[PDB]
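Only one chain is shown below, in structure tokens, and it's the form deposited in one PDB entry.
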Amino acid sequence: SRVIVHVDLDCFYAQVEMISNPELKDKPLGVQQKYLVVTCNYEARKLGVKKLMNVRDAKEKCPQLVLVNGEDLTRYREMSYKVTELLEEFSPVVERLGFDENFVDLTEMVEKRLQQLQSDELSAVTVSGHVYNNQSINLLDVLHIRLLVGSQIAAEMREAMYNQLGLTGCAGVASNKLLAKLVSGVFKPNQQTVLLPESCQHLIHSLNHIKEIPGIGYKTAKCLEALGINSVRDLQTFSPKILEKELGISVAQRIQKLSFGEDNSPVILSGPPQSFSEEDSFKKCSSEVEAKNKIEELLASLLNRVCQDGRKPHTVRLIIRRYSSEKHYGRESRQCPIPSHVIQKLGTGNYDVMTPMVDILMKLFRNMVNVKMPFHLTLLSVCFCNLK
């Protein structure tokens, strides 16, 4: 009964770099972080198997591949909220997912539009964009009409996004978040797709691995595998009772519903930010005692954000992880309710505030006792988080 739209922008970071420097346009571009080509424009994703997640390693394919550093997220973040606000203008309930994805619940909006339609030209409702599996529309099917109207809102949102902000992107319209997200990616470049109910199974079985299902990460994908479960149908037909008594009645019942294209999670209002953090890294270069000056830097930038945006962090930490072969995690981080007075004027010219963050950041850091001394580490972050 719900009409949800999932908006996913094209190579977001690359798009923000091109809009700020046309001389980069129509030129195989990739945005680089430390030693990572986080993403690149389409005129490169084909120009050398240059996809996301690769590094200078992928520069191999036509090294004429331009590069721009994308470590500072400031500009991406700002454009990201502009997209979200623009979307919130069409309808208030908008959920963010990373900096370039937005879920929008259009149910109420779609309905108001249909009501305003006389019982005469409601037979002229057409679709905007693609119909997922070239599925035939049935004008007398109330659910088809609502999703078509939904495709119309999507096209208006993408038009607005392009005309007002200069950004292109994809959109997917379906009856729930899972489906909307899966279908928004069927026609990748700058297009949109709507999913009619009769094609839900076709979309779900088009996936090659249960890992491709939104809501099934690296971990659970591993558990299921140990049970032989590899394909979407494997999960659809697996024994409920056993999966339940294997991952928990809560998770078991949820992930299995997803294998069928069922997902009742509501689109959540992703009102202002809940935490700010600035992490600066040195790729595994920490000696354990000579990192401290960096803390004075990365946390240095945060203040500028907090001061810019109101409200203050009544919390802090630093997050660290020791990585090796396989998986990542960490037992690094120290939090404390910062000083009342400091928290109330974190923009009145004081920088002595850093010393008190440094004492709790690292000298009051590590573990119980004094004994052995092994170092190793990989990049670390600090959170300015709970925010009230």
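Residue numbers run from 1 along the displayed sequence. We call the rigid core the largest set of C-alpha positions that still match within 1.5 Å between the two forms.
**Q** Taking the other PDB entries of this protein that cover both neighbours, check whether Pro356 lacks coordinates in at least a third of them.
**A** Counting only entries that model residues on both sides, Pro356 is resolved in every one of them.
**Q** Does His376, which is modelled here, drop out in at least a third of the other compared PDB entries?
**A** It is, since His376 is left out of at least a third of the other entries that model both flanking stretches.
**Q** Would you tell me which stretch averages the higher CA B-factor in the PDB entry, 43 to 51 or 340 to 348?
**A** Stretch with the greater average CA B-factor: 340 to 348.
**Q** Regarding 26 to 34 and 54 to 62, which shows the higher C-alpha temperature factor on average in the entry?
**A** It is 54 to 62 that shows the higher mean C-alpha B-factor.
**Q** Of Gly185, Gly310, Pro273, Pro92, which one's C-alpha B factor is largest in the deposited record?
**A** Each of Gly185, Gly310, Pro273, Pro92 was compared by C-alpha B-factor; the highest is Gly310.
**Q** Using the entry's values, work out which of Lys177, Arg158, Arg77, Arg305 has the largest Cα B factor.
**A** Of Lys177, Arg158, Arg77, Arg305, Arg305 has the highest C-alpha B-factor.
**Q** Taking only the Cα B-factors deposited for this chain, tell me whether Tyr81 sits in the lowest, middle or highest third.
**A** Lowest third, going by the recorded CA B-factors of the chain.
**Q** Sorting the chain's modelled residues by C-alpha B-factor, tell me whether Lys388 ends up in the lowest, middle or highest third.
**A** Tercile = highest for this residue's CA B-factor.
**Q** Relative to the other modelled residues in the chain, which third contains the C-alpha temperature factor of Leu258: lowest, middle or highest?
**A** For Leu258, the deposited C-alpha B-factor lands in the lowest third.
**Q** Considering only modelled residues of the same chain, in which third does the CA B-factor of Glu101 rank: lowest, middle or highest?
**A** Within its chain, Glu101 is a lowest-third residue by C-alpha B-factor, going by the deposited values.
**Q** In terms of the chain's CA B-factor thirds, is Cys11 lowest, middle or highest?
**A** For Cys11, whose C-alpha B-factor we compare with every modelled residue in the chain, the answer is the lowest third.
One more form of this protein should be noted, the form deposited in another entry, which is absent from this view; the next part is about it.
**Q** Scan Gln152, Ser286, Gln256, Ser175 for the one whose CA shifts by 2 Å or more between this form and the one not shown after superposing the rigid core, and name it.
**A** Only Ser286 moves by 2 Å or more at its C-alpha.
**Q** If I superpose the two forms on their rigid core, does the C-alpha of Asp359 end up displaced by 2 Å or more between this form and the one not shown?
**A** Moves: yes, 2 Å or greater.
**Q** C-alpha of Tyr42: shift of 2 angstroms or more between this form and the one not shown, rigid core aligned?
**A** No, the C-alpha position differs by under 2 Å between this form and the one not shown.
**Q** Against the rigid core, is the Cα displacement of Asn69 between this form and the one not shown at least 2 Å?
**A** It does not, since the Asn69 C-alpha is displaced less than 2 Å between this form and the one not shown after the core fit.
**Q** Thinking of the 3 angstroms or more shift, are the C-alphas of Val49 and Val38 brought closer or pushed farther apart in that other deposited form than in this view?
**A** Between the C-alphas of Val38 and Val49, the gap narrows in that other deposited form (3 Å or more compared with this form).
**Q** Relative to what is shown, are the Cα atoms of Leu97 and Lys327 closer or farther apart in that other deposited form, where the gap shifts by 3 Å or more?
**A** So the answer is farther.
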